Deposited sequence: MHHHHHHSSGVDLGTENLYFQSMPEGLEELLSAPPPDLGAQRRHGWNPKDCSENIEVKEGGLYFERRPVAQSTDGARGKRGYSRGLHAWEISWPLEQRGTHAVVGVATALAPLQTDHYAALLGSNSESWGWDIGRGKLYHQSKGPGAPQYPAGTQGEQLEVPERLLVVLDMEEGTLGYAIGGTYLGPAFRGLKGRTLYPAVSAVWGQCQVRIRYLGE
């Protein structure tokens, strides 16, 4: 119902055997670049957000991408999402903590996020008038697809690529990112390439 053609190279990335844990750690969550309320585990494979009231808490991947095709799986349990679970990318300067529950990722000019609970897209957005994407229940696993040749961020679920959610990203250096509100949530990142 919503499928779109994939960017060149993505099929091959998805067909390859899963990456070893070492490769996953290298592009995984950065313990040196996350909310003080987040603990990065297993060398970057996942993080756990501590239970902290009235806080939204984000993490960036260790590596920022400015060219080529980049794709990673996010695994984010359904029962650990709460009011605001947002998946996307961030510049190195996006804020990773705020003192209330919100879609922190995508609330400023430094970040772009898909709210996986409500389906809305956030960039420089507090929520009102946020477009729906695709224009669907998001399962535990989603694929994040950052094409820095064309300057797009989009997503796939259940084998179906949904096309760009955000365009016009050319020239930036962008990091894997989420923002989370749920006490003791655990969010996994599995980088596939390139």
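Subject >> Deposited positions without coordinates, collected into consecutive stretches in sequence order >> reply: Missing C-alpha atoms (numbering from 1) occur across the ranges 1-17, 153-158.
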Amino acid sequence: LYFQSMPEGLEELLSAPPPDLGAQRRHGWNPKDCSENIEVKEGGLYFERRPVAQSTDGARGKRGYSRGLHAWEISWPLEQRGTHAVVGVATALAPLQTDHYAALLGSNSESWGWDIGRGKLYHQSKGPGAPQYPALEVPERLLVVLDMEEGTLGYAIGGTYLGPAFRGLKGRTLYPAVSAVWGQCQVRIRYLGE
From here on, numbers count along this sequence of modelled residues.
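What we label the rigid core is the largest C-alpha set whose atoms superpose within 1.5 Å from one form to the other.
Original post:
Core fit done; bigger CA RMS in 4 other deposited structures of this protein for 44-52 or for 159-167?
Top reply: Of 44-52 and 159-167, the stretch deviating more in 4 other deposited structures of this protein is 159-167.
**OP:** State which stretch is farther from the displayed form on average in 4 other deposited structures of this protein, 172-180 or 9-17, counting RMS CA distance after fitting on the rigid core.
**Re:** When 172-180 and 9-17 are compared in 4 other deposited structures of this protein, the bigger C-alpha shift is seen for 9-17.
Original post:
Between 140-148 and 34-42, which has the higher average C-alpha B-factor in the PDB entry?
Top reply: Going by the record's values, the stretch with the higher mean is 34-42.
**OP:** Using only the Cα atoms and their B-factors as the entry lists them, report which of 158-166 and 123-131 averages higher.
**Re:** Comparing 158-166 with 123-131, the higher mean C-alpha B-factor belongs to 123-131.
Subject >> Selection from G117, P77, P95, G113 [criterion: highest C-alpha temperature factor in the record] >> reply: Of the options given, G117 has the highest CA B-factor in the PDB entry.
**OP:** Specify which of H27, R50, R60, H70 carries the largest Cα B factor in the deposited PDB entry.
**Re:** Comparing C-alpha B-factors across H27, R50, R60, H70, the top value belongs to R50.
**OP:** Within this chain's modelled residues, let me know which third the CA B factor of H100 belongs to: lowest, middle or highest.
**Re:** Ranked within chain, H100 CA B lands in the highest tercile.
Original post:
Which third of the chain holds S15 when residues are ordered by C-alpha B factor: lowest, middle or highest?
Top reply: CA B-factor rank for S15: highest third.
Subject >> Chain-relative CA temperature factor third for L192 >> reply: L192: CA B-factor falls in the middle third of its chain.
**OP:** State the tercile, meaning the lowest, middle or highest third, of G171 with respect to the CA B-factors recorded for its chain.
**Re:** Ranked within chain, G171 CA B lands in the highest tercile.
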